[PDB]
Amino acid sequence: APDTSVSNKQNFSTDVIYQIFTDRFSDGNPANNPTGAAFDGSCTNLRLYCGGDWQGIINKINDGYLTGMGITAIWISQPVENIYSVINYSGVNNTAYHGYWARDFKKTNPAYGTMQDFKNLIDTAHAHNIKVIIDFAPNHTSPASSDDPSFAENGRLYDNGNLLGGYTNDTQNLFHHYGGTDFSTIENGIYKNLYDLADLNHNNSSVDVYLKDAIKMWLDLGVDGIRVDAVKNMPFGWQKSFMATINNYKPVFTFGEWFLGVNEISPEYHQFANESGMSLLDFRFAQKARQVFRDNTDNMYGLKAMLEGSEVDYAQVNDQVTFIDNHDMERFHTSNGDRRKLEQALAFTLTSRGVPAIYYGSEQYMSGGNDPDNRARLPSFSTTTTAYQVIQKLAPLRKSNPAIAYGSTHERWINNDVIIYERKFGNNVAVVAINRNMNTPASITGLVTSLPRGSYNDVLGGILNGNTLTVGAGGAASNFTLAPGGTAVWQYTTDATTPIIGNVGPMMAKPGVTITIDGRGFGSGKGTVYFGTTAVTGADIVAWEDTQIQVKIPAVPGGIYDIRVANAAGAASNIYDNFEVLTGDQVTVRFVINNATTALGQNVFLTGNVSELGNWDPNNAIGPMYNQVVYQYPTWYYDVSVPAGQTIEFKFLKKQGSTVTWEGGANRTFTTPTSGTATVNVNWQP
C-alpha cells in the first residue's frame, strides 16, 4: 500500500492529527449522558461531563467538518471505563470527563459509547481515511485513599467486570504504597503517587500481563496509534517491555508525554525518545514556537537554533508529534492577541518536520488559561474561519509533498522577525516564508532555493498575505517585499529516481516482525534491504512499491543496526540508523543489589551478555540504578527489560566518571521468566 494510506499504522508524518477531548466536542447521543451531579449540559462547569461522545465524532467525520479541514488522524480521550464518582475537591465537584481515572482497561467508558460505538468510530474514520489514536494511561487507576476506603471508588481495578483489587487492603500489592511524589527526583516521581491517583505496581505479574493483555485488545479493535500518558512517571525498563509487546504483536505509532517547561532541554527526555521504542510529544518545538510566535520572548534565531538542534538530538525527528498548544497549556490564542499569530503558528507547524497535532477548537480561535479552562466545549463548527482555511490548504500537502512529510529543514533567509526555510526530499521541495512582525514589511533580497525556474503560486492563495515567487536560473528568486504578518508557502514535486528512506516503523522489534519503510524512489521491482550488511530479499520482503516496502527483520544478533534499501537496479538509499533488533520477547526483571557502597558521584550499573544489557560494555551499562524509594542505599534497584525465557549472564559495576569497578567473582547467571515479572536480589561480590 503507499506510505500515505490510512492502513499505514506505523508512521504518521504524512498525517495531520486533530486532538479531541471527546466530552467537549459533540454530543451525538444524549441517551448516554451521565445524570445528576456528574453532568452539566450547559458546559459552564468545566470539571463535569458536558455529554460529547463517539457518535458526535462520527457525525463530524460524516458531514465533512473534519475531512474538509484535511485532518487525517483523530486523537481521542482514553476509551476505557472510568470511575463513576463525583469527587468534591475543596467544594468543586469533579468527574472523570477526561478519561484519565480508569477502573477497567478492558471495557469502554459508557458516556463516550459502547464497544459497538467504538467499532463504528474505527470503521467510519477508516472509511474516510482517518487514523484513530487513543490515549492509554497505564501508570494509575483513579483517586484513592487507603486510609479512607469510602473515598471515590478506592482506586479499584477490574478485569472485564471482575474485581482484581482496591487500594485499601492491597495484600496482592497491585499498587505502590510509598506516599505521594514531591517531584524532586525522577525515581521519586516513578514509585510515589501522582497527587492522589492510585499508582499501579508494574512489578506485580498480574498488573504486568493485565496491562499488556488490555493493550492487545484495543489493537485488536483496530486502533492506529497510542498516546501514552505519564511516561516520566513509569519505570523506563517496564515501558520498553510494554513497547516490545505492542511491536512484536501489532506495531502501531506510539508516542508519550514528557512535559518540558519553557527553556528546558533535558538529556533524559532525548534519551527516552531515542531508546524507549516510542516517540514523544515535541515540547521543545512547542515551547520555542510559543516564545517566537505568541509571547515574543525569543526571535527567529531561537527558532532556527531549535530546528537545527533538534534534527540532531532526536535520532528519529520525523516521529516527534509537534503542536503549539494542547490540554497541558494555556491555549495559544489570547484575548488581546492578534489572530494572525495563531494562523502563522499553525502554518509553521503544518509545514514543519514531525507529525503535526492541532488541539480541537484552534480553528475557531478558542482562548482559555490552564486546566480546565483550555477544555471548554468548542463553540462553533464554522467552516469559514481563516484558521480553518489555512489547515484546509496546508494539511493535504503532507500527503502530496514528501519534502513536507520527510524532508530536511534548511534556513535560506533570516533576520529577527523573518524566517524563510526550505524542506527537501530528493527532488521535492517546499519553501515557506513568514514575517512575524505585524507592522513592518520585510525586504527580501538574495534568496536562493532548490526550486526550478518558474512562477510559484502561494499554496495559501494570499489569505495570509503571501505572494507569488518568481524563480530564475539556479534557484535564485526575484526580490520581493514580504507583507507585515505575511506567510507564503511555495512547492515543487517530482519522482525520485534514487531510493530515499523518510521514516521506518516500528524501530525496535525481534526477528520475524514486519517493519514498514517509507520514502520515495524504491521502484516497482523488489530490491534488497540491508540490516547492517545482512541482505534480505525475496520472500522476506512481504511488500515493495515506490513509496513503501514491508520487510521481515532477519535473524541477526540483538543490537542496533543501520537500515539501507537498494532498488532493483542496485542503487542504494541513505542510511536510516538506530534500529534496535531485540534478542526476543521481553520481560521486565527488577535487579536488587545490597551492600554496594559508593563515593560521591559514583553509582551502580548493570551489564551482561545480551544487547538489552549492553553486551558487557560499561559505556552501555544499565543505570544508574535507584536507591531511595523501593529500597534504600546501600541497596540499589532497577527495572530492566530483558529477553524472556533465557539464561543471561551479568555483573554489576560502579562508575565514577571514567573509572569502572567491576564486582569480583564469577559472572552471575539468571534464567528469565517467559511472561510476568521477576526479582533478582543479590549482594555485592568484592
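Numbers follow the displayed sequence, beginning with 1.
Higher mean CA B-factor, judged across 163-171 and 101-109 from the recorded values: 163-171.
Per the PDB record, of the two stretches 65-73 and 29-37, 29-37 carries the greater mean B-factor over its C-alpha atoms. For the set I324, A433, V312, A273, the PDB entry puts the maximum C-alpha B factor at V312.
Which of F283, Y576, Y359, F183 has the largest Cα B-factor in the deposited entry comes down to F183. The PDB entry assigns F652 a C-alpha temperature factor belonging to the middle third of its chain's modelled residues. Looking at the C-alpha B-factors along this chain, the one for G179 belongs to the middle third.
Ranked by Cα temperature factor within the chain, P267 sits in the highest third according to the deposited record. Among all modelled residues in this chain, the alpha-carbon of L46 has a temperature factor (C-alpha) in the highest third. Per the deposited record, the Cα B-factor of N627 falls in the middle third when ranked against the other modelled residues of its chain.
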